[PDB]
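In what follows, a single structure is set out as structure tokens and then discussed.
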Amino acid sequence: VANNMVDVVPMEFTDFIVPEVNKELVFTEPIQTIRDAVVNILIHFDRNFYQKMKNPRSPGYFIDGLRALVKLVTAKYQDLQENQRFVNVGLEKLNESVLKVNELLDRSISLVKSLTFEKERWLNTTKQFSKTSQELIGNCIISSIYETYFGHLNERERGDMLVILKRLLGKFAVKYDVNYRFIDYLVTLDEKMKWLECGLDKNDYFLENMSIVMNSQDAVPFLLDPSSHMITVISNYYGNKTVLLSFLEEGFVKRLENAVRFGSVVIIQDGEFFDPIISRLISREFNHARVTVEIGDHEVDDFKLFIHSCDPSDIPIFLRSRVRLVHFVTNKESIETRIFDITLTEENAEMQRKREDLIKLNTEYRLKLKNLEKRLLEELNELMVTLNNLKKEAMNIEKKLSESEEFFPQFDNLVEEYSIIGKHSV
């Protein structure tokens, strides 16, 4: 099943070294390509996941994870292919311009130095894209698994399962990122600003949960929010598009049929009292004629569905398999993370502000450097000024990275001295 799912997407783009593992640890055909290693890794993760969560085990998580893996791999691989084509064309254009300049003593020395700097930058970029290509499949596994398995987890168990996943990636010799983060890699600053202005909590966990809620295009999202603030933030996010509803209301059939005819976003309250009338809609068993679904006793033809519930105590059978289960329930790990964050923001706001501003400035510097590189490559298909500006931006980025590396030991010492306070408060 996994092989037929992953044999449609180009995976065999990077090198692979065959690891030495036990014969009992492998399940598919002997390791010859990327696909068998990916399947072995993900089935080992599935077994370890069902061992950790401790009854029959539904294979729906496997299908959801395989679909999300396909989507993440195709999107990230397409983006990396465009970036690699762009840097290759840029290197070719730079080599042609250098040859033309050398064909036609201070100016010659400056041109030679600029060409050498451009060649060194191109070599460093080639190494960077090579590392990114080797890293790509590992990051895609991390992201899709995080999307389809880690929704209903608190922070500590989520981190432990991520540790298990990177250990499994290391065992089958598939490289990944030592400092992976969903927010930094697949969320930009504009979505962060949008989420925070809509009324979201400043903690990272609720941001991640909202991200996997709005990045689940296959399964319908389930929200277990006892404090019911996600209803308000979704209302603020969607504006007038929200149509709030619950099973307690009598006319839910009329409201849903009007909504699906209009195509509005619907949020359902009281998730513990589900009615199977919309089981066709939550399962997306449509018929293509025009796309039609059968709801109730009458056939009905940009519609989204959300489920909201304030019951942290029962999820209906087969709904938990047809939904994306996320949680907004505070636990001991959440308490520890929140008190750590508030302690950090109350002891020294200058260091936190400097770190955040440095990260944002590095991102803006990278964006400006990419824009300037695209502009100069478009102009080529003058040069010294753009090269000097790019060198200055790279030097500023390196200085900010060095400052962050030097301040990282201070953060580690703070964590070491404040774990006592964290465990005491818990």
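Read in order, the letters of the sequence shown are residues 2928 to 2981, 2985 to 3034, 3289 to 3473, 3476 to 3487, 3491 to 3502, 3504 to 3571, 3582 to 3626 in the entry's author numbering.
Just so you know, even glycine gets a beta-carbon here, dropped at the ideal spot from N, CA and C.
Inset, instruction - Report the three-state DSSP secondary structure of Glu3593 (helix, strand or coil). - result: DSSP, read as helix, strand or coil, puts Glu3593 in helix.
Inset, instruction - Determine the closest residue to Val2928 out of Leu3373, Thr2955, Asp2942, with distance taken between C-alpha atoms. - result: Comparing Cα-Cα distances from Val2928 to each of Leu3373, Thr2955, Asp2942, the minimum goes to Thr2955.
Inset, instruction - Would you give the residue range spanned by the alpha helix (DSSP H) that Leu3465 belongs to? - result: Per DSSP, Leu3465 belongs to the alpha helix (DSSP H) from 3463 to 3467.
Legend entry - Cβ-based neighbour list, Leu3391, same chain, cut-off 7 angstroms, excluding 5 preceding and 5 following: Result list for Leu3391: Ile3367, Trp3379, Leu3384, in chain order.
Inset, instruction - Along the alpha helix (DSSP H) that carries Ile3549, what are the first and last residues, could you check? - result: Looking at the DSSP string, the run of the alpha helix (DSSP H) that includes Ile3549 is 3539 to 3570.
Inset, instruction - Report the residue from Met3595, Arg3340, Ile3529, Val3519 whose alpha carbon sits nearest the alpha carbon of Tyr3555. - result: Ranking the options by Cα distance to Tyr3555, first place goes to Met3595.
Inset, instruction - Could you work out which residue in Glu3593, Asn3363, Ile3418 is closest to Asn3561 when comparing CA atoms only? - result: The shortest C-alpha separation from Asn3561 is found at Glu3593.
Inset, instruction - Rounded to whole angstroms, what's the CA-CA distance from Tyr3333 to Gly2995? Just pull it up for me. - result: One alpha carbon belongs to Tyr3333, the other to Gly2995, and they sit about 8 angstroms apart.
Inset, instruction - Could you tell me how far apart the beta carbons of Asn3013 and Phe3313 are, in whole angstroms, since I believe they sit closer than 8 angstroms? - result: Rounded to the nearest angstrom, the Cβ distance from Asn3013 to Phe3313 is 7 angstroms, consistent with a contact under 8 angstroms.
Legend entry - For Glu3598 and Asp3547, the rounded distance between their alpha carbons: Looking at the backbone, the Cα of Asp3547 and that of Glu3598 are separated by about 15 angstroms.
Legend entry - With 16 other Cβ atoms within 10 Å as the buried cut-off, status of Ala3473: Around the beta carbon of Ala3473, fewer than 16 other beta carbons lie within 10 angstroms, which makes this residue exposed.
Inset, instruction - Tell me whether the beta-carbon of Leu3465 lies closer than 7 angstroms to the beta-carbon of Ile3481. - result: Cβ distance < 7 angstroms, so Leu3465 and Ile3481 count as in contact.
Inset, instruction - Tell me, please, whether the stretch 2941 to 2952 touches the stretch 3355 to 3365 by the rule of three or more beta-carbon pairs shorter than 8 angstroms. - result: Result yes; three or more Cβ-Cβ pairs closer than 8 angstroms.
Inset, instruction - Return the residue from the list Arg2997, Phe2940, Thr3586, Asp2973 that minimises the CA-CA distance to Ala3403. - result: Nearest of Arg2997, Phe2940, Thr3586, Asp2973 to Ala3403, Cα basis: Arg2997.
Inset, instruction - Could you check what DSSP says for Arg3365 in three-state terms: helix, strand or coil? - result: Coil.
Legend entry - Pick from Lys3438, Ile3507, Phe3301 that is closest to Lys3591, judged by C-alpha positions: Comparing alpha carbon positions, the residue from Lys3438, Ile3507, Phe3301 closest to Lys3591 is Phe3301.
Legend entry - Runs of beta strand (DSSP E) lying entirely within the stretch 3403 to 3468, each at least 3 residues, in chain order: As far as the stretch 3403 to 3468 is concerned, its whole beta strand (DSSP E) runs of at least 3 residues are 3404 to 3408, 3426 to 3430, 3449 to 3453.
Inset, instruction - Could you give the DSSP three-state label for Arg2997: helix, strand or coil? - result: Helix at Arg2997.
Inset, instruction - Give the DSSP bridge partners of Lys3493, in chain order. - result: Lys3493 is bridged to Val3449.
Inset, instruction - Could you have a look at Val2948 and say whether DSSP puts it in helix, strand or coil? - result: Coil.
Inset, instruction - Could you say which of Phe3607, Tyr3389, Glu3605, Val3017 lies nearest to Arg3365 if we only look at CA atoms? - result: Distances from the alpha-carbon of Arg3365 to those of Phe3607, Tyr3389, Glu3605, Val3017 put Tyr3389 closest.
Inset, instruction - Find the nearest neighbour of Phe2992 within the set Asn3032, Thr3478, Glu3331, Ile3293, judged by alpha-carbon distance. - result: Restricting attention to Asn3032, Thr3478, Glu3331, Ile3293, the CA atom closest to the CA of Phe2992 is found in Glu3331.
Inset, instruction - With a floor of 4 residues, list each alpha helix (DSSP H) that falls wholly inside the stretch 3302 to 3357, ordered by position along the chain. - result: Assignment of alpha helix (DSSP H) within the stretch 3302 to 3357, counting only whole runs of 4 or more residues, yields 3339 to 3355 in chain order.
Inset, instruction - Report all residues from its chain with a CB closer than 8 angstroms to the CB of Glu3319; omit the five preceding and five following residues, and keep chain order. - result: Excluding positions up to five away in sequence, the list reads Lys3359, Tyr3360, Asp3361.
Legend entry - DSSP three-state assignment for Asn3471, whether helix, strand or coil: Strand, per DSSP.
Legend entry - 7 angstroms Cβ cutoff met for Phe3458 and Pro3506: Yes, these two residues count as a Cβ contact at 7 angstroms.
Inset, instruction - Flag this pair as touching only if the stretch 3504 to 3521 and the stretch 3418 to 3431 have three or more C-beta atom pairs under 8 angstroms; answer yes or no. - result: Taking one beta carbon from each stretch, the stretch 3504 to 3521 and the stretch 3418 to 3431 have fewer than 3 pairs nearer than 8 angstroms; the two do not touch.
Legend entry - For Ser3027 and residue 3668, the rounded distance between their alpha carbons: There is no way to answer for residue 3668, as the model of the chain reaches only from 2928 to 3626.
Legend entry - Other residues of its chain near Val2936: CB distance less than 6 angstroms, five sequence neighbours each side excluded: Answer for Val2936: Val3000, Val3003, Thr3004, listed in chain order.
Legend entry - Unbroken alpha helix (DSSP H) run spanning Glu3375, endpoints: In this chain, the alpha helix (DSSP H) harbouring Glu3375 covers 3373 to 3382.
Inset, instruction - List the DSSP bridge partners of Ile3293. - result: DSSP lists no partner for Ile3293.
Legend entry - Test item: CB-CB of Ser3511 and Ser3328 under 7 angstroms: Result no, Cβ atoms of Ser3511 and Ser3328 do not sit closer than 7 angstroms.
Inset, instruction - Please report how far the alpha carbon of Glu3022 lies from the alpha carbon of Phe3016, in whole angstroms. - result: Roughly 10 angstroms separates the two Cα atoms.
Inset, instruction - Could you check what DSSP says for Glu3392 in three-state terms: helix, strand or coil? - result: Reduced to three states, the DSSP call for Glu3392 is helix.
Legend entry - Residue span of the alpha helix (DSSP H) that contains residue 2908, given as start and end: Residue 2908 lies beyond the residue range present for the chain, which begins at 2928 and ends at 3626; the question has no answer from this structure.
Inset, instruction - Pull up the distance between the alpha-carbon of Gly3335 and that of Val3477, whole angstroms please. - result: Cα-Cα distance, rounded: 30 angstroms.
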